[PDB]
Amino acid sequence: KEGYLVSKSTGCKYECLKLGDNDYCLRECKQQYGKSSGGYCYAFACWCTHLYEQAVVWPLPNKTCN
C-alpha cells in the first residue's frame, strides 16, 4: 500500500523541500490519496504510504525523471 506520487499533468512529480520528517510531502500525498495517507521524500521527490489498494503510483524502476 505504497508508491511514488503521480503528477496532475507531468507523469513524474517535482522535487522535494526537505529530507527526513516534513509537512511538504505529507500534504502533497493527502491531496491525492485521502486524509489518512502518509508520505516522505525518497531521495528527490515525494513518496506516499498507507494507500488504498486500487491507488495509482508512478513506475520508478521502469521510467526515470528525477
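Looks like solution NMR, at least that's what the header says.
Every residue gets a Cβ built from N, Cα and C, even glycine.
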Q) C41 forms a disulfide with which residue in Swiss-Prot, given the options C16, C65? A) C16
(Q) I want to verify the bond table. Which candidate from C12, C25 sits on the other end of the disulfide that Swiss-Prot records for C46? (A) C25
Q. According to Swiss-Prot, which candidate among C12, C48 shares a disulfide with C29?
A. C48
**Q.** Distance [Cα-Cα, Å, rounded] between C29 (disulfide bond) and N66 (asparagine amide)
**A.** 17
**Q.** DSSP state at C25 (disulfide bond), helix/strand/coil
**A.** helix
Q.
Please identify, among the disulfide-bonded residues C12, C41, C46, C48, the one with the smallest Cα-Cα distance to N66 (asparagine amide).
A. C12
